[PDB]
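Values below: all heavy atoms of this structure, side chains included; hydrogens, waters and symmetry mates excluded. Below, chain A is the first sequence line, B the second, and so on; all start at residue 1.
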Amino acid sequence: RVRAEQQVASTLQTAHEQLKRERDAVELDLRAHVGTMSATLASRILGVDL
Amino acid sequence: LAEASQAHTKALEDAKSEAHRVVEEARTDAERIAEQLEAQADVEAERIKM
């Protein structure tokens, strides 16, 4: 038991920082797609392409 | 007294034989219990891995 849970705690120690790296790596990627979402949101609020 | 002495030695040897027959089942169920415990080991590990 104690072996398994301490080593899965180690796997958590690794995966937390790994996934946080993935997150702050995609954080800069998503910013490229914000413009189209903004434009379409405005278009749906108003009802014209502009 | 002859009969009593021979009956004593007969009962003594049968008692030792029965002691052996009993510790046989003892060690057999002991290895079986150890096996059950080692078996519980892997499933209790996987229940934490998952």
Please report the interatomic distance [atom1]([X]) to [atom2]([Y]), rounded to the nearest 0.5 Å.
X	Y	atom1	atom2	result
B/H20	B/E25	NE2	CD	12.5 Å
B/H8	B/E13	NE2	CD	10.0 Å
A/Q18	A/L12	CD	CG	11.5 Å
B/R47	B/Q40	CZ	CD	10.0 Å
A/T36	A/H33	OG1	NE2	7.5 Å
A/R3	B/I48	CZ	CD1	11.5 Å

Answer yes or no: does atom [atom1] of [X] have more than 12 heavy-atom neighbours from other residues, nucleotides or ligands under 6.0 Å?
X	atom1	value
B/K16	NZ	no
B/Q6	CD	yes
B/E31	CD	yes

Would you say [X]'s side chain and [Y]'s backbone share a donor-acceptor pair under 3.5 angstrom?
X	Y	value
A/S38	A/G35	no
A/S43	A/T40	no
B/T28	B/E24	yes

pair A/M37-A/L41: side-chain heavy atoms closer than 4.5 Å: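 No. Closest side-chain heavy atoms not under 4.5 Å.
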Salt bridge flag under 4.0 Å for residues A/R21 and A/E17: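 Yes, charged N to carboxylate O under 4.0 Å.
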